[PDB]
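Q: part one of the complex, untouched from its place in the assembly:
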Amino acid sequence: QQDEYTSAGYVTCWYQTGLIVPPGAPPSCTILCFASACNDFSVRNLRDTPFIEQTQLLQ
């Protein structure tokens, strides 16, 4: 839960030359992003995930 302190820098992508697509191909293209930690990654504490919840004993 990063605060202004212990935060991380912005990441951005900008055109350098401009995509050059020939007449026979569609001009638009789609780029996708894959994110995985490098080998040197570590965790330090353990806590409840604030993503899943429940209300009653589900039956």
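A: Received it, and whenever you're ready, just let me know what you need. Residues are numbered from 1 along each chain as shown, chains lettered A, B, ... in the order given.

Q: roughly how far is stretch A:22-32 from the heart of the chain?
A: With Cα atoms, centre = their mean, to the nearest Å as the basis, stretch A:22-32 stands 24 Å off its chain's centre.

Q: Give me the distance between the two termini of that stretch.
A: Distance between the boundary residues of stretch A:22-32 (Cα to Cα, to the nearest Å) amounts to 22 Å.

Q: who's in contact with that stretch?
A: Outside stretch A:22-32, the residues within contact range by Cβ atoms under 8 Å, 6 or more residues apart in numbering are A:19, A:21. Where C-beta positions appear, they are placed from N, C-alpha and C, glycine not excepted.

Q: what do you get if the cut-off is 10 Å, keeping everything else the same?
A: A:13, A:19-21 (Cβ atoms under 10 Å, 6 or more residues apart in numbering).

Q: Chain B goes on too:
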Amino acid sequence: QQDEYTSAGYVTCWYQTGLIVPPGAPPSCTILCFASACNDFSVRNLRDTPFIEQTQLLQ
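A: Below, chain B sits with the chains from the block before:
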């Protein structure tokens, strides 16, 4: 001269994905078949060829 006995199996070719040809190229294409025996081929007897014939002494 294969009979039902000592006959050989059928050979067939089917589309797996479908030819994908881009706008700049012609959609139709032509495939050709080359047939040659592998190294292990053998013949056993000798006989007249039933493909060529004659009528008289050609002069």
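
Q: With chain B now part of the structure, what is the answer for the contacts of stretch A:22-32?
A: A:13, A:19-21, B:22-25 (Cβ atoms under 10 Å, 6 or more residues apart in numbering or on different chains).

Q: Looking from chain B, tell me which residue of chain A is nearest.
A: Nearest residue of chain A to chain B: residue A:24, at 3.7 Å (Cβ to the nearest Cβ).

Q: for the contacts of stretch A:22-32, which one is nearest residue B:49?
A: Nearest to residue B:49 among the contacts of stretch A:22-32, counting by Cβ to Cβ, is residue B:25 at 44.2 Å.

Q: Based on its surroundings, how many neighbours for the closest one?
A: The number of residues packed near residue B:25 is 9, by other Cβ atoms under 10 Å in any protein chain shown.

Q: what's the answer for residue A:3, then?
A: By other Cβ under 10 Å, neighbour count at residue A:3 equals 6.
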